[PDB]
Amino acid sequence: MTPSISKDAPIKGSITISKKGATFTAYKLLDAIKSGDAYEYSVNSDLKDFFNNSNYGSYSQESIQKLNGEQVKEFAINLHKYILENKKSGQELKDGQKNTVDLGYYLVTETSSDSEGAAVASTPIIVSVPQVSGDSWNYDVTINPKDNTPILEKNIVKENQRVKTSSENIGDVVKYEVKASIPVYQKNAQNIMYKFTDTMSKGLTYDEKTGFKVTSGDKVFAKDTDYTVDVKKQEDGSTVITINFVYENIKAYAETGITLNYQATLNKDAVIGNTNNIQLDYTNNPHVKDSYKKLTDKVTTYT
């Protein structure tokens, strides 16, 4: 079942996607051709050899519009892979404006290295121009990024409360809690970075013996299998703690995120604040080199 094509029907359409700072690229997989009262589809010759190609899932032209939602993701993954591996080029889209394109079936991917805010890259979007809306054909299509947005918080734990400023005496123990999202990426992403860098000011002594307790829900992760801890007391008296994760091992736990529990003790150099800074560096776009974002937070303990 499919709406009729009109006499006033454009030979072109448009794609609009909004995501500040980002750039998406549209790859035309199939040309749409008006044939009688419907659109028929022919393989775009730049990409024709992705089809019936055992190296990429052996999809036939006919396979496409027969696919369900979960098979589409697999299909889109294989096609994105074909595009990257055969150095295919596409049409880069201007953000938040109509981009004139030919009628056809498109894969749209986030190709920019950077974007605004904290979101990681979108997963691929398959889109048809035009598309069926109700009992009509829409030629100016709008699509949404399929991404996610991590949050990060560092708090001081005291009196069974989460606070951002504490008041202690020298030698007292300051208890810290970091809560952070685990971002998710397309199924086939590799070499994901998920790395915390914590900086304590000189008036703070990282309690190495208590160390880090890394959890997600009921799960407790294991030092030197799931994450490493590297401690560098700096010349200026501050401490830089690097907690670096094997993303693959925490991926299953994205629903509940990561929680860091650790401690320090106010030492002689206490300031009459004593700051704990946390930074999370994470992969933005997993299919471009050196594409990372950073979240930060901080708390302060006074004397």
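What counts and how
Residues numbered from 1 in each chain as written, not as in the entry; some residues may be left out. Heavy atoms only, no water. Residues with missing side-chain atoms left out of burial classes, pairs and counts. Pairing = 2+ DSSP bridges. Helix = DSSP H or I, 4+ residues; strand = E, 2+ residues; numbered from the N terminus. Axes fitted to C-alpha atoms, helices over the stretch in contact; angles between N-to-C directions. Buried < 20%, exposed > 50% of the residue type's maximum accessible area, 1.4 Å probe, protein only. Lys, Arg positive; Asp, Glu negative; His and termini not counted. Salt bridge = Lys/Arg side-chain N within 4 Å of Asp/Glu carboxyl O. Polar contact = N/O pair within 3.5 Å; in protein donor to acceptor, adjacent residues only side chain to side chain. Contact = heavy atoms within 4.5 Å. 1 Å grid on protein atoms, 1.4 Å probe; cavity = no way out; pocket = protein on both sides within 12 Å on 5 of 7 lines; lining within 4 Å. Points joined across faces, edges and corners; volume = space filled by probe spheres on them. Nonpolar A, V, L, I, M, F, W, Y, C, P; charged D, E, K, R; others polar. Domains from an automatic or database assignment. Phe/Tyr/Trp six-rings, centres within 6.5 Å; stacked < 30°, edge-to-face > 60°. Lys NZ or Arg CZ within 6 Å of the ring centre and 35° of its normal. Buried area = accessible area lost by both parts, 1.4 Å probe.

X-ray crystallography is the method the PDB entry states for this structure, with the resolution given as 2.14 Å.

The name given to the chain in the PDB entry is Probable surface protein, with the source organism recorded as Clostridium perfringens str. 13. Under its PDB header, the title given for this structure is "X-ray structure of domains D1 and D2 of Clostridium perfringens pili protein CppA".

> Looking at this structure, how should I read the sheet that holds strand 22 (residues 274–283)?
Hydrogen bonds along the backbone pair up the strands of a sheet, which may run parallel or antiparallel. Strand order in the open sheet made by the six strands is 13-23-22-15-20-19, with mixed pairing throughout. Single-partner strands in this sheet number two, and they are strand 13 (165–167) and strand 19 (227–233). Neighbour to neighbour, the strand axes of the sheet diverge by 15° on average, direction disregarded. Both strand 13 and strand 23 (residues 292–302) contribute to a ladder of three bridges, which runs parallel. Across the sheet, residue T165 finds its bridge partner in strand 23, namely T300.

> Please explain the sheet that holds strand 10 (residues 140–143) as it appears in this structure.
On the basis of which strands lie adjacent, the open sheet formed by three strands has the order 5-1-10 and mixed pairing. Edge positions in the sheet fall to strand 5 (99–102) and strand 10, since each has one partner strand and no second. In this sheet, adjacent strand axes meet at a mean angle of 35° when their direction is disregarded.

> Could you clarify how one ought to interpret the side chain of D226 in this entry?
The topology assignment puts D226 in the loop between strand 18 (219–220) and strand 19. Buried and unpaired, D226 has no salt bridge, with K219 as the nearest side chain of opposite charge at 4.1 Å. There is a polar contact of 3.0 Å between the side chain of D226 and the side chain of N249. Ignoring any residue separated from it by four or fewer positions in sequence, one finds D226 in contact with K219, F221, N244, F245, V246 and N249.

> I'm lost on empty space enclosed by the protein in this one. Help?
Over the atoms rolls a probe the size of a water molecule, and its path tells where empty space is left. By volume, the largest cavity is sized at about 70 Å³. Each residue belonging to the lining of the largest cavity can be placed in one class, and the counts come to four nonpolar, seven polar and one charged. Mapping the lining of the largest cavity onto the domain boundaries places at least three of its residues in each of domain 1 (1–149) and domain 2 (150–303).

> Help me out: how do you make sense of the pairing of strand 17 (residues 213–216) in this one?
Look at any regular strand and the pattern is simple: side chains alternate between the two faces of the sheet. In terms of strand pairing, strand 17 meets strand 21 (residues 258–266) through three bridges, oriented antiparallel. Along strand 21, the bridge assignment pairs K213 with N261. Taken together, the two bridges between strand 17 and strand 18 define a ladder with antiparallel strand orientation. Pairing of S216 across the sheet is with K219, part of strand 18. The loop that links strand 17 with its antiparallel partner strand 18 comprises two residues; one of these, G217, has a positive phi angle of about 60°.

> I keep staring at the packing of aromatic side chains and nothing clicks. Help me out?
Where two aromatic rings form a pair, the distance of their centres and the angle of their planes describe that pair. For the structure on display, the rule yields 17 aromatic pairs. Ring geometry for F50 and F75: centres 5.9 Å apart, planes at 75°, overall edge-to-face. Note that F50 is positioned in the loop between strand 3 (38–43) and helix 1 (69–85) and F75 in helix 1, a separation of 25 residues in sequence. Measuring from ring centre to ring centre gives 5.4 Å for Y194 and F196, while their planes differ by 90°; the resulting arrangement is edge-to-face. Of the two residues, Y194 and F196, both sit in the buried class. The structure contains a cluster of three or more aromatic residues connected by ring pairs, namely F50, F51, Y56, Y59, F75 and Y82. In this structure, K154 packs its charged tip against the face of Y176, placed 3.9 Å from the ring centre.

> Sorry, what's going on with the domain arrangement of the chain here?
Bring the parts together and some accessible area is lost; that lost area is often taken as the interface size. Splitting the chain by domain gives domain 1 (1–149) and domain 2 (150–303). With centres defined by C-alpha atoms, the gap from domain 1 to domain 2 works out at 40 Å. In this assembly, 20 residues from domain 1 lie in contact with 20 residues from domain 2. Counting the surface lost from both domain 1 and domain 2, the interface buries some 1400 Å², and carbon and sulfur atoms represent 48% of this. If you look at where domain 1 meets domain 2, you find one salt bridge. In this structure, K187 engages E74 in a salt bridge whose closest nitrogen and oxygen atoms are separated by 2.6 Å.

> Teacher, can you tell me more about the pairing of strand 7 (residues 125–129) here?
Counted residue by residue, strand 7 has four buried out of five residues, so it is predominantly covered. The pairing of strand 6 (residues 104–110) with strand 7 spans five bridges and is classified as antiparallel. Residue pairing across strands places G104 opposite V129, the latter belonging to strand 7.

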